[PDB]
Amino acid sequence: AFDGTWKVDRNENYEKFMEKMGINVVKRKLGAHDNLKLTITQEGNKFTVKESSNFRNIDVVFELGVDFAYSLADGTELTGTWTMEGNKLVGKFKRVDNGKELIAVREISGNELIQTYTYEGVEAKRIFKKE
């Protein structure tokens, strides 16, 4: 049950991961303070994620297993899929610039939604709290 609003609580190795991605210092710095919140709606295999931050306010729509295009809030463009792996949502992306692969994972640990990002042997964790 991914359903509902998840507000960021704590971050793990996040600026290091942003540094890895080639992201600008002030943009990393503000990205560390982003006040991110996800309001997730499942409508079958069609997922809508209202993504809300200090940078932006976006509705992300995606259907499980079908490639979509996503832009980071920094403008990094990515293309890829989210599949469900039992209890997880596993995103497999690739930048449109370099074509380097980005791996995302979404788990609900009780009342925690844990988001893990992996790029170039660098892993970052962002922990959200159920509102």
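In this text, residue numbers run from 1 along the sequence as written.
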Exercise. Take the C-alpha B-factors listed in the entry for 72-80 and for 42-50, compute each mean, and give the stretch with the larger one.
Key: 72-80
Quiz item: Out of 106-114 and 13-21, which stretch has the higher average CA B-factor listed in the record?
Solution: 106-114
Quiz item: Out of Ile58, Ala32, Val66, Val90, which residue has the highest Cα temperature factor in the PDB record?
Solution: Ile58
Practice problem: Classify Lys37 as lowest, middle or highest third according to the C-alpha B-factor given in the PDB entry, relative to its own chain. | Solution: middle
Exercise. Could you look up the Cα B-factor of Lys130 in the entry and say which third of the chain it sits in: lowest, middle or highest?
Key: middle
